[PDB]
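Chemist: So that we are looking at the same thing, I have put the structure below in structure tokens.
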Amino acid sequence: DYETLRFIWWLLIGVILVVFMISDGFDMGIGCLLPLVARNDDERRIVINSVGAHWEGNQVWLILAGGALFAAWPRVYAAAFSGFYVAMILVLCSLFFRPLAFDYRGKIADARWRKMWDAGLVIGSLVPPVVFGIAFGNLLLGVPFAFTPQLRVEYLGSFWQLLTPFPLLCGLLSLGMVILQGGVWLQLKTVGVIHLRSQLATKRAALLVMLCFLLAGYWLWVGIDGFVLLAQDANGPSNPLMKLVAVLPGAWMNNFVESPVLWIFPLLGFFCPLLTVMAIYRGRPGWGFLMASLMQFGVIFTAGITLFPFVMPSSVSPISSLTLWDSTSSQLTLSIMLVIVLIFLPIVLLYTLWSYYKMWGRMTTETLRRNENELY
Amino acid sequence: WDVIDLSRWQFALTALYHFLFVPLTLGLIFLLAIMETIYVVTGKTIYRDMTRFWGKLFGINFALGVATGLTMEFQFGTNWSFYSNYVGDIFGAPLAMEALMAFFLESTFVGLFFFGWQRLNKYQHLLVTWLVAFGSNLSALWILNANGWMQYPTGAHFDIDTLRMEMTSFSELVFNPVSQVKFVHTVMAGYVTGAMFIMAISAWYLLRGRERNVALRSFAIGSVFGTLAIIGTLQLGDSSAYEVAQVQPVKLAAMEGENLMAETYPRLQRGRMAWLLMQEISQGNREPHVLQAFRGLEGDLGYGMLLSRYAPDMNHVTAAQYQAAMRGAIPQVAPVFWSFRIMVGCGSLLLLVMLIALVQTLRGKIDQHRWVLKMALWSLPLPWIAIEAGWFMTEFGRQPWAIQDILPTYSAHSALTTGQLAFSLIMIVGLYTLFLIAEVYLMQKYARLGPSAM
Amino acid sequence: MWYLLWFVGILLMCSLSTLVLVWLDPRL
Ligand SMILES: CC(C)=CCC/C(C)=C/CC/C(C)=C/CC/C(C)=C/CC/C(C)=C/CC/C(C)=C\CC/C(C)=C/CC/C(C)=C/CC1=CC(=O)c2ccccc2C1=O
Ligand SMILES: CCCCCCCC/C=C/CCCCCCCC(=O)O[C@@H](COC(=O)CCCCCCCCCCCCCCC)COP(=O)([O-])OCC[N+](C)(C)C
Ligand code: HDD
Ligand code: HEB
Ligand code: HEB
């Protein structure tokens, strides 16, 4: 039925966001870490070549996030990407630099050219995680958008409105998340001084993630009005104006308070960073990568479940808040897209595992010398 | 400038920029597949070295292609939020399926192509190159399925409860005749582009008496592949012409050497009625006669939405407003006519070039006549010229429609200000200028250095 | 149906390019 399809597609959107974080987040974090853990040309190339073979396929997870939002939640895709217009332009512009940095950095034997492309990679690794965090924090604050009766969307805010302390904290937490992911990927993919510096950056990023996640939870609980869905037919048509919403203080905690089993997701988000650090200390970067992955899973699903059933609450028109029951595509579209996803995501996952398997190996100075002209 | 016009020009520029690099990817990757196949069959290392050199040029083009694609993916949401809402139930599906089937395949395995030369054995690397080729072409399939649906919306119905177009049959989307011919024609054009690329660079080598053996073989591969490609391009172009003749009277009028204007006035009338009924439906009316009238008039909601722009009072539409919308229903036929002509004429020039190159190839006299090499060298821009002409015809000839007879472009736009569009345009244009200069420079430098520098 | 035609045809184009180059390579 329609309701089950919509809830499965909510699950799928969250899964795609988590997989984006897991895969492309370590690319972004390693780009952020590049000036931290690489201090000469060889170290820089080792760091860049730790993700060169896979970063594009990983980024397809962000592209799929966008396309699955379009296909399954067209209202969310529309309202969010138009409402965060300047933020998205900034993300896109930073993202430009990554394919170009990766391919072109070694194409000119000029220190200035390599510096330009290293800086561009850092920009394209830094800006998107920060803006995504700011965007999700603004979701929790409520986004100043509204629907007309004909469901045309109106935005009443601006880019500067987003830059309030709670969304800034969320952006900082998202940055810490990608930096932790990239630090554990550098742990599994490099040796030597880069490995040491990425380890220390991993500890610092995990501490940042834990502090920011705790502060944001406290802030949500005590000083952010939540939204409550009073009445909405979950098998009904995707029309946000056919529902009843209330904005009560502390309401964002309702899902977890009512259902104590849902508390595991914030527990994963908060404690999986500590377990990632423990694994890194235990000499186990594979378990560390798993723990960092579960941190991404827990944090993102914590944000979703806090918002559930809302996906995009509206600070100026609460009835215009988007839910998983009213933001979706038709039943036919949800069904067929689910079938297609269930066929191909397993296949994509298997051949992505295959590619990572064939390419598994630590990028080192000797590896770089052996293949200097081939590598990025 | 109207912010809607800034958004139109932004999508214009960014799609055009993206498709400066896509056609080369589409054709060149199959050329690399052929080079690696020949290497596998014969064991001749020169074809492996050719794969690596031409693939280095491929990577240079591919990086900008990826970045420009990134701009395009989210532009639908950023600048066309109403478009996204109104048609996402159908249109977001081919984009998602592109991501799922094609983007994952090509992006995942392009890294194996460039960096798996050693970790993969000869057959696995050949398979990986073929998978990159098929992934990029399947991405063509799905994105062009979306674009074709924009040209010929099929298997969709308006839902009163969600105020949007909804899917009715997925198969009518997947086998949209327009999307089929669009896919095959565009990928044939990409094959032409890659073939002409390697032929022109090889001809430049042969004119300077350098890289002779690689240049000869690369010219031969390009000659055969691009002869087949340009022939298929022309045939599928005639197929595309036939399909748009069936479903798009405007593009049919363009090729005819330039009725519908007059026809649009009854459609405008029915559309005004449908728009009034749809405003009633949005207001929550469900009276039976209202819904029966709307079911009778829902095939013209697009023309009503078009009329909305030229008539602020939809209840009382003066004849002047009717005529403004009448004129605005038909785009300027001259850009479309001249686009079609460049595309077709450049195709004829390319066919002549490919046939002469193939004759010299089959005779084994590639380097015999210098004028053959000079013609091949000077023919390098022609595929891009014809391709941008074809896409200009495609995207200007459906104007004013974002979805033909469903969603006007002027109604598909987001709620943005000329300040935000100025920011996005300045940033995108400046960054793209820098990127294009750098990419043309690197491409020129490494093509000039040639395979011997590898 | 054009997708099947394209699949067969691209296989044929690549096969013919490969075969022609295998034949012609000694002459080159
Ligand atoms: C997850 C799922 C199933 C479905 C997704 C649902 C959803 C809203 C999807 C978003 C769709 C939209 C509007 C998308 C457009 C906007 C956008 C960002 C698009 C880009 C998409 C991408 C790629 C997003 C990547 C995600 C990234 C990189 C950052 C955002 C993730 C973050 C950091 C969210 C904030 C997490 C947070 C601070 C929770 C607070 C807290 C603390 C407790 O300590 C707690 C403790 C106890 C209880 C609660 C807390 C507690 O909330
Ligand atoms: C509307 C749509 C617009 C789009 C159009 C786009 C078309 C794109 C294609 C653009 C290329 C067009 C080139 C013109 C062809 C003639 C070349 C020539 O005259 O020789 C000149 C350059 O020749 C070289 O020296 C370069 C060596 C070969 C590299 C080829 C350039 C790669 C460009 C990659 C571009 C990136 C492609 C990927 C992204 C597009 C001079 O050479 P010379 O040795 O000094 O000769 C001296 C003797 N003489 C002076 C008397 C002659
Ligand atoms: C006929 C083919 C074709 C057409 C019309 C388009 N593209 Fe494209 N696109 C490609 C063919 C392609 C490709 C061949 O698959 C590219 C080019 C180089 C590359 O990396 O993949 C690509 C890359 C590419 C990427 C990066 C994906 C990745 O790296 O995995 C995105 C996000 C898009 N495209 C999106 C679009 C959108 C939203 C379009 C609509 C305007 C579009 N493309 C037009
Ligand atoms: C899938 C989907 C898609 C695709 C693929 C595409 C592809 C493309 N494209 Fe596009 N568009 C679109 C979707 C699209 N598209 C849209 C939606 C729009 C909006 C409407 C209008 O028309 O504007 C545009 C628009 C547009 C434009 C502008 C027009 C006007 O007038 O406005 C241009 C120029 C272009 C080009 C182009 C190109 C060249 C290409 C090749 C790449 N475009
Ligand atoms: C290689 C290059 C080239 C060439 C040669 C050509 C050649 C040609 N062509 Fe082309 N196109 C192109 C490239 C091209 N092309 C493009 C790119 C485009 C865009 C995409 C599509 O398909 O649309 C077109 C498009 C197109 C079209 C439309 C489609 C739609 O609208 O959708 C048509 C109709 C045509 C026709 C044609 C012809 C007839 C010819 C001759 C025979 N076209």
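Letters A, B, ... go to the chains of the structure tokens in the order shown; residues in each chain start at 1; ligands are counted from 1 in the same order.
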Find the residues around residue 40 in chain B up to 12 Å (only C-alpha atoms counted), leave out those fewer than 3 positions away in its own chain, and share them as a PDB file with N, CA, C and O atoms, in the first residue's frame.

Modeler:
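Listing of out.pdb after writing:
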```
ATOM      1  N   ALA B  33      37.694   1.402 -26.092  1.00  0.00           N
ATOM      2  CA  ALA B  33      37.258   0.014 -26.024  1.00  0.00           C
ATOM      3  C   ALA B  33      37.736  -0.755 -27.246  1.00  0.00           C
ATOM      4  O   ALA B  33      38.196  -1.894 -27.138  1.00  0.00           O
ATOM      5  N   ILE B  34      37.646  -0.134 -28.419  1.00  0.00           N
ATOM      6  CA  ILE B  34      38.101  -0.774 -29.648  1.00  0.00           C
ATOM      7  C   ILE B  34      39.612  -0.951 -29.638  1.00  0.00           C
ATOM      8  O   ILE B  34      40.128  -2.001 -30.035  1.00  0.00           O
ATOM      9  N   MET B  35      40.350   0.071 -29.202  1.00  0.00           N
ATOM     10  CA  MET B  35      41.802  -0.046 -29.154  1.00  0.00           C
ATOM     11  C   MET B  35      42.222  -1.178 -28.229  1.00  0.00           C
ATOM     12  O   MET B  35      43.103  -1.975 -28.567  1.00  0.00           O
ATOM     13  N   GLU B  36      41.584  -1.271 -27.062  1.00  0.00           N
ATOM     14  CA  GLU B  36      41.934  -2.314 -26.107  1.00  0.00           C
ATOM     15  C   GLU B  36      41.488  -3.687 -26.595  1.00  0.00           C
ATOM     16  O   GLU B  36      42.168  -4.684 -26.350  1.00  0.00           O
ATOM     17  N   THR B  37      40.353  -3.757 -27.293  1.00  0.00           N
ATOM     18  CA  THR B  37      39.933  -5.008 -27.915  1.00  0.00           C
ATOM     19  C   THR B  37      40.946  -5.476 -28.956  1.00  0.00           C
ATOM     20  O   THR B  37      41.286  -6.662 -29.014  1.00  0.00           O
ATOM     21  N   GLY B  43      47.507  -8.969 -29.365  1.00  0.00           N
ATOM     22  CA  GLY B  43      48.693  -8.898 -28.542  1.00  0.00           C
ATOM     23  C   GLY B  43      49.659  -7.799 -28.917  1.00  0.00           C
ATOM     24  O   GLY B  43      50.751  -7.735 -28.342  1.00  0.00           O
ATOM     25  N   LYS B  44      49.292  -6.929 -29.856  1.00  0.00           N
ATOM     26  CA  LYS B  44      50.170  -5.864 -30.328  1.00  0.00           C
ATOM     27  C   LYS B  44      50.137  -4.712 -29.330  1.00  0.00           C
ATOM     28  O   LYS B  44      49.083  -4.114 -29.093  1.00  0.00           O
ATOM     29  N   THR B  45      51.296  -4.404 -28.747  1.00  0.00           N
ATOM     30  CA  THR B  45      51.359  -3.458 -27.636  1.00  0.00           C
ATOM     31  C   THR B  45      51.033  -2.037 -28.069  1.00  0.00           C
ATOM     32  O   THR B  45      50.649  -1.209 -27.231  1.00  0.00           O
ATOM     33  N   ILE B  46      51.198  -1.730 -29.356  1.00  0.00           N
ATOM     34  CA  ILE B  46      50.973  -0.365 -29.820  1.00  0.00           C
ATOM     35  C   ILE B  46      49.538   0.057 -29.536  1.00  0.00           C
ATOM     36  O   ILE B  46      49.269   1.221 -29.234  1.00  0.00           O
ATOM     37  N   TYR B  47      48.600  -0.891 -29.581  1.00  0.00           N
ATOM     38  CA  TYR B  47      47.212  -0.556 -29.283  1.00  0.00           C
ATOM     39  C   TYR B  47      46.988  -0.325 -27.793  1.00  0.00           C
ATOM     40  O   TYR B  47      46.133   0.479 -27.421  1.00  0.00           O
ATOM     41  N   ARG B  48      47.751  -1.001 -26.928  1.00  0.00           N
ATOM     42  CA  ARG B  48      47.719  -0.678 -25.502  1.00  0.00           C
ATOM     43  C   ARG B  48      48.245   0.730 -25.247  1.00  0.00           C
ATOM     44  O   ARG B  48      47.635   1.508 -24.500  1.00  0.00           O
ATOM     45  N   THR B  51      45.627   3.093 -26.333  1.00  0.00           N
ATOM     46  CA  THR B  51      44.586   3.189 -25.322  1.00  0.00           C
ATOM     47  C   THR B  51      45.015   4.131 -24.215  1.00  0.00           C
ATOM     48  O   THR B  51      44.244   4.992 -23.792  1.00  0.00           O
ATOM     49  N   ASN B 121      43.863  -7.951 -14.866  1.00  0.00           N
ATOM     50  CA  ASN B 121      44.471  -8.624 -15.998  1.00  0.00           C
ATOM     51  C   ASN B 121      43.846  -8.109 -17.293  1.00  0.00           C
ATOM     52  O   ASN B 121      42.832  -7.409 -17.295  1.00  0.00           O
ATOM     53  N   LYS B 122      44.474  -8.483 -18.407  1.00  0.00           N
ATOM     54  CA  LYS B 122      44.140  -7.907 -19.706  1.00  0.00           C
ATOM     55  C   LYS B 122      42.647  -7.980 -20.008  1.00  0.00           C
ATOM     56  O   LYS B 122      42.050  -6.989 -20.457  1.00  0.00           O
ATOM     57  N   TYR B 123      42.014  -9.118 -19.715  1.00  0.00           N
ATOM     58  CA  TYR B 123      40.599  -9.290 -20.021  1.00  0.00           C
ATOM     59  C   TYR B 123      39.717  -8.490 -19.073  1.00  0.00           C
ATOM     60  O   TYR B 123      38.713  -7.910 -19.497  1.00  0.00           O
ATOM     61  N   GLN B 124      40.069  -8.459 -17.786  1.00  0.00           N
ATOM     62  CA  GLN B 124      39.290  -7.676 -16.835  1.00  0.00           C
ATOM     63  C   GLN B 124      39.377  -6.189 -17.146  1.00  0.00           C
ATOM     64  O   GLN B 124      38.378  -5.473 -17.048  1.00  0.00           O
ATOM     65  N   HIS B 125      40.560  -5.705 -17.527  1.00  0.00           N
ATOM     66  CA  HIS B 125      40.674  -4.303 -17.913  1.00  0.00           C
ATOM     67  C   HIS B 125      39.884  -4.008 -19.181  1.00  0.00           C
ATOM     68  O   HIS B 125      39.283  -2.933 -19.307  1.00  0.00           O
ATOM     69  N   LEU B 126      39.886  -4.939 -20.141  1.00  0.00           N
ATOM     70  CA  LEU B 126      39.044  -4.765 -21.322  1.00  0.00           C
ATOM     71  C   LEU B 126      37.572  -4.671 -20.936  1.00  0.00           C
ATOM     72  O   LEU B 126      36.833  -3.818 -21.445  1.00  0.00           O
ATOM     73  N   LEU B 127      37.134  -5.546 -20.028  1.00  0.00           N
ATOM     74  CA  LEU B 127      35.752  -5.507 -19.566  1.00  0.00           C
ATOM     75  C   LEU B 127      35.449  -4.193 -18.868  1.00  0.00           C
ATOM     76  O   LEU B 127      34.370  -3.630 -19.039  1.00  0.00           O
TER      77      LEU B 127
ATOM     78  N   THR C  18      37.475  -3.413 -35.019  1.00  0.00           N
ATOM     79  CA  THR C  18      38.501  -4.356 -34.591  1.00  0.00           C
ATOM     80  C   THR C  18      38.957  -5.242 -35.744  1.00  0.00           C
ATOM     81  O   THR C  18      40.158  -5.407 -35.966  1.00  0.00           O
ATOM     82  N   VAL C  22      42.594  -5.423 -37.483  1.00  0.00           N
ATOM     83  CA  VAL C  22      43.353  -6.670 -37.485  1.00  0.00           C
ATOM     84  C   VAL C  22      43.813  -7.000 -38.898  1.00  0.00           C
ATOM     85  O   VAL C  22      44.966  -7.385 -39.121  1.00  0.00           O
TER      86      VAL C  22
END
```

Chemist: Given a cut-off of 8 Å, what residues near ligand 3 show up using only C-alpha atoms and all ligand atoms, put as a PyMOL selection string?

Modeler: (chain A and resi 56-57+59-60+63) or (chain B and resi 11+15+18-19+21-23+25-26+61-76+95+99+102-104+106-108+135-141+143-144+147+183+186-187+190)

Chemist: Return as a ChimeraX atom specification the residues of protein, DNA or RNA that approach ligand 1 to within 6 Å, with only C-alpha atoms and all ligand atoms taken into account.

Modeler: /A:10-11,13-14,17,62,76,80,129,132-133,135-137,170,173-174,213-214,216-217,266,299-304,306,311-312

Chemist: With only C-alpha atoms as the counted atoms, please give the residues lying no more than 12 Å from residue 16 in chain C, apart from itself and same-chain residues fewer than 3 positions off, as a ChimeraX atom specification.

Modeler: /B:34,37-38,220-229 /C:9-13,19-24

Chemist: Those residues you just picked out, can you put them in a file as a compact mmCIF listing (two decimals), in the first residue's frame with N, CA, C and O atoms?

Modeler:
```txt
# COMPACT_ATOMS: atom_id res chain seq x y z
N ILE B 34 37.65 -0.13 -28.42
CA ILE B 34 38.10 -0.77 -29.65
C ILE B 34 39.61 -0.95 -29.64
O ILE B 34 40.13 -2.00 -30.04
N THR B 37 40.35 -3.76 -27.29
CA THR B 37 39.93 -5.01 -27.91
C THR B 37 40.95 -5.48 -28.96
O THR B 37 41.29 -6.66 -29.01
N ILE B 38 41.42 -4.56 -29.80
CA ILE B 38 42.43 -4.92 -30.80
C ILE B 38 43.70 -5.39 -30.10
O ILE B 38 44.33 -6.37 -30.52
N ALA B 220 43.18 5.15 -38.67
CA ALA B 220 42.41 4.06 -39.26
C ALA B 220 41.20 3.71 -38.40
O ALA B 220 40.07 3.58 -38.91
N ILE B 221 41.42 3.52 -37.09
CA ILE B 221 40.32 3.23 -36.17
C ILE B 221 39.27 4.33 -36.25
O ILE B 221 38.07 4.05 -36.38
N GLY B 222 39.71 5.59 -36.17
CA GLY B 222 38.78 6.69 -36.27
C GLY B 222 38.04 6.69 -37.59
O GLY B 222 36.84 6.96 -37.63
N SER B 223 38.72 6.35 -38.68
CA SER B 223 38.09 6.35 -39.99
C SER B 223 36.95 5.35 -40.04
O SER B 223 35.82 5.70 -40.39
N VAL B 224 37.22 4.10 -39.66
CA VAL B 224 36.18 3.07 -39.76
C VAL B 224 35.04 3.36 -38.78
O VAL B 224 33.86 3.39 -39.16
N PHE B 225 35.39 3.59 -37.51
CA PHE B 225 34.37 3.83 -36.50
C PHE B 225 33.54 5.06 -36.84
O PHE B 225 32.31 5.04 -36.71
N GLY B 226 34.19 6.13 -37.30
CA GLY B 226 33.47 7.36 -37.56
C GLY B 226 32.71 7.35 -38.86
O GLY B 226 31.72 8.06 -38.99
N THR B 227 33.14 6.53 -39.83
CA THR B 227 32.29 6.31 -40.99
C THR B 227 30.99 5.64 -40.58
O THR B 227 29.90 6.13 -40.89
N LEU B 228 31.10 4.54 -39.83
CA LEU B 228 29.89 3.88 -39.34
C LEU B 228 29.07 4.82 -38.46
O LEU B 228 27.84 4.88 -38.57
N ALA B 229 29.75 5.61 -37.62
CA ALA B 229 29.07 6.51 -36.70
C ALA B 229 28.35 7.63 -37.43
O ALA B 229 27.23 7.98 -37.06
N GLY C 9 24.04 -2.68 -32.83
CA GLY C 9 24.80 -1.88 -33.77
C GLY C 9 26.13 -1.41 -33.24
O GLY C 9 27.11 -1.35 -33.98
N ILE C 10 26.19 -1.06 -31.95
CA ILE C 10 27.47 -0.66 -31.37
C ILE C 10 28.39 -1.86 -31.24
O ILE C 10 29.61 -1.76 -31.47
N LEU C 11 27.83 -3.04 -30.92
CA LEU C 11 28.63 -4.25 -30.98
C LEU C 11 29.19 -4.46 -32.39
O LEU C 11 30.37 -4.78 -32.55
N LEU C 12 28.35 -4.26 -33.41
CA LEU C 12 28.80 -4.44 -34.79
C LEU C 12 29.85 -3.40 -35.19
O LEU C 12 30.81 -3.72 -35.88
N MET C 13 29.65 -2.15 -34.78
CA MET C 13 30.61 -1.10 -35.12
C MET C 13 31.97 -1.38 -34.51
O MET C 13 33.00 -1.30 -35.19
N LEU C 19 38.01 -5.81 -36.50
CA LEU C 19 38.35 -6.72 -37.58
C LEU C 19 39.11 -6.01 -38.69
O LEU C 19 40.09 -6.54 -39.23
N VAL C 20 38.67 -4.81 -39.06
CA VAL C 20 39.35 -4.05 -40.11
C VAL C 20 40.76 -3.70 -39.67
O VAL C 20 41.70 -3.73 -40.47
N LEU C 21 40.95 -3.37 -38.39
CA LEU C 21 42.30 -3.04 -37.93
C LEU C 21 43.17 -4.28 -37.84
O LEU C 21 44.38 -4.20 -38.09
N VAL C 22 42.59 -5.42 -37.48
CA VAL C 22 43.35 -6.67 -37.48
C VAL C 22 43.81 -7.00 -38.90
O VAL C 22 44.97 -7.39 -39.12
N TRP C 23 42.92 -6.84 -39.87
CA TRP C 23 43.27 -7.10 -41.26
C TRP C 23 44.32 -6.11 -41.77
O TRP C 23 45.28 -6.49 -42.44
N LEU C 24 44.14 -4.83 -41.45
CA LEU C 24 44.93 -3.77 -42.06
C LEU C 24 46.26 -3.54 -41.36
O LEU C 24 47.17 -2.97 -41.97
```

Chemist: Please, which residues of chain B lie no more than 7 Å from chain A when the count uses only C-alpha atoms, and can they be set out as a compact mmCIF listing (two decimals) with N, CA and C atoms, in the first residue's frame?

Modeler:
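File produced: out.txt:
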```
# COMPACT_ATOMS: atom_id res chain seq x y z
N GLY B 59 40.62 11.39 -20.05
CA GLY B 59 40.52 11.82 -18.67
C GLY B 59 40.48 13.33 -18.54
N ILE B 60 41.32 14.02 -19.32
CA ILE B 60 41.28 15.48 -19.31
C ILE B 60 39.87 15.98 -19.61
N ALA B 63 37.06 14.85 -16.67
CA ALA B 63 36.99 15.57 -15.40
C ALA B 63 36.04 16.77 -15.48
N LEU B 64 36.23 17.59 -16.52
CA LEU B 64 35.32 18.75 -16.70
C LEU B 64 33.91 18.22 -16.96
N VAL B 66 32.47 15.64 -15.72
CA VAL B 66 31.87 15.29 -14.43
C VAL B 66 31.41 16.55 -13.69
N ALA B 67 32.29 17.55 -13.60
CA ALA B 67 31.94 18.76 -12.84
C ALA B 67 30.72 19.47 -13.43
N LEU B 70 27.60 17.81 -12.61
CA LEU B 70 27.18 18.12 -11.24
C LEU B 70 26.33 19.38 -11.21
N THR B 71 26.77 20.41 -11.93
CA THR B 71 25.92 21.60 -12.05
C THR B 71 24.52 21.24 -12.52
N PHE B 74 21.52 19.31 -10.03
CA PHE B 74 20.78 20.08 -9.04
C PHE B 74 20.21 21.37 -9.60
N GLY B 77 16.29 21.46 -9.36
CA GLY B 77 15.77 21.92 -8.09
C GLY B 77 16.03 23.39 -7.82
N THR B 78 17.26 23.85 -8.08
CA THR B 78 17.62 25.21 -7.70
C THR B 78 16.81 26.24 -8.46
N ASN B 79 16.79 26.14 -9.79
CA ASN B 79 16.19 27.19 -10.60
C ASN B 79 14.82 26.85 -11.14
N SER B 81 12.09 24.92 -9.42
CA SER B 81 11.40 24.21 -8.34
C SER B 81 9.98 23.82 -8.74
N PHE B 82 9.26 24.70 -9.43
CA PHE B 82 7.91 24.33 -9.85
C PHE B 82 7.95 23.23 -10.90
N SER B 84 10.25 20.90 -11.07
CA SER B 84 10.53 19.70 -10.29
C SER B 84 9.27 19.18 -9.62
N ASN B 85 8.51 20.05 -8.96
CA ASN B 85 7.29 19.61 -8.30
C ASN B 85 6.30 19.03 -9.30
N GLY B 88 8.07 15.88 -11.41
CA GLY B 88 9.00 14.95 -10.81
C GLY B 88 8.51 13.52 -10.79
N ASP B 89 7.20 13.32 -10.61
CA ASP B 89 6.65 11.97 -10.52
C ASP B 89 7.00 11.13 -11.74
N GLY B 92 11.73 12.66 -12.57
CA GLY B 92 12.80 12.29 -11.67
C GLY B 92 13.17 10.83 -11.77
N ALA B 93 12.29 10.01 -12.34
CA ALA B 93 12.58 8.59 -12.48
C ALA B 93 13.72 8.32 -13.45
N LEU B 95 16.15 10.23 -14.31
CA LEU B 95 17.36 10.76 -13.69
C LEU B 95 17.87 9.83 -12.60
N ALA B 96 16.96 9.35 -11.75
CA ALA B 96 17.34 8.40 -10.71
C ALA B 96 17.90 7.12 -11.32
N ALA B 99 21.35 7.61 -12.47
CA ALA B 99 22.27 7.47 -11.35
C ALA B 99 22.49 6.00 -11.00
N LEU B 100 21.41 5.23 -10.95
CA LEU B 100 21.45 3.87 -10.42
C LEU B 100 22.18 2.91 -11.35
N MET B 101 21.86 2.96 -12.64
CA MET B 101 22.40 2.01 -13.60
C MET B 101 23.69 2.52 -14.22
N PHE B 103 25.47 6.03 -14.07
CA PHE B 103 26.49 6.83 -13.39
C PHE B 103 27.35 5.97 -12.49
N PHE B 104 26.72 5.07 -11.73
CA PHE B 104 27.51 4.18 -10.90
C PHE B 104 28.46 3.35 -11.75
N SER B 107 31.25 5.92 -13.49
CA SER B 107 32.14 6.56 -12.53
C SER B 107 32.92 5.54 -11.72
N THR B 108 32.28 4.43 -11.34
CA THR B 108 32.99 3.39 -10.61
C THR B 108 34.13 2.82 -11.44
N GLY B 111 37.69 4.90 -12.80
CA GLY B 111 38.85 4.80 -11.92
C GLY B 111 39.64 3.53 -12.15
N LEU B 112 38.95 2.40 -12.33
CA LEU B 112 39.62 1.17 -12.72
C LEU B 112 40.27 1.29 -14.09
N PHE B 115 43.47 3.54 -13.37
CA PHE B 115 44.39 3.07 -12.36
C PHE B 115 44.42 1.55 -12.21
N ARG B 119 46.49 -3.79 -11.85
CA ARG B 119 45.81 -4.66 -10.90
C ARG B 119 44.78 -5.55 -11.59
N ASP B 161 -5.59 15.81 -6.75
CA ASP B 161 -5.31 15.87 -5.32
C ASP B 161 -3.89 16.36 -5.04
N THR B 162 -2.94 16.04 -5.91
CA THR B 162 -1.56 16.46 -5.75
C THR B 162 -1.16 17.60 -6.68
N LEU B 163 -2.08 18.04 -7.55
CA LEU B 163 -1.88 19.20 -8.42
C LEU B 163 -0.63 19.07 -9.29
N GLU B 166 1.25 12.91 -12.90
CA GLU B 166 1.59 11.65 -12.26
C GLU B 166 1.80 10.58 -13.32
N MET B 167 2.63 9.59 -12.99
CA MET B 167 2.87 8.49 -13.92
C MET B 167 1.62 7.64 -14.09
N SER B 282 -7.80 23.31 -6.47
CA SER B 282 -6.86 23.67 -5.42
C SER B 282 -7.57 24.24 -4.21
N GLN B 283 -8.59 25.07 -4.42
CA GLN B 283 -9.42 25.58 -3.33
C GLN B 283 -10.22 24.49 -2.62
N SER B 414 11.79 28.75 -10.28
CA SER B 414 11.82 28.90 -8.83
C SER B 414 11.47 30.33 -8.43
N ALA B 415 11.34 30.55 -7.12
CA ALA B 415 11.08 31.88 -6.58
C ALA B 415 12.42 32.47 -6.17
N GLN B 420 20.35 36.61 -6.65
CA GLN B 420 20.81 35.23 -6.53
C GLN B 420 21.25 34.68 -7.89
N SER B 424 24.93 33.35 -9.02
CA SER B 424 25.19 32.04 -9.60
C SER B 424 25.79 32.17 -11.00
```

Chemist: Report the distance between CA of residue 160 in chain A and CA of residue 131 in chain A in Å, rounded to one decimal place.

Modeler: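 Result for CA of residue 160 in chain A versus CA of residue 131 in chain A: 12.1 Å, one decimal.
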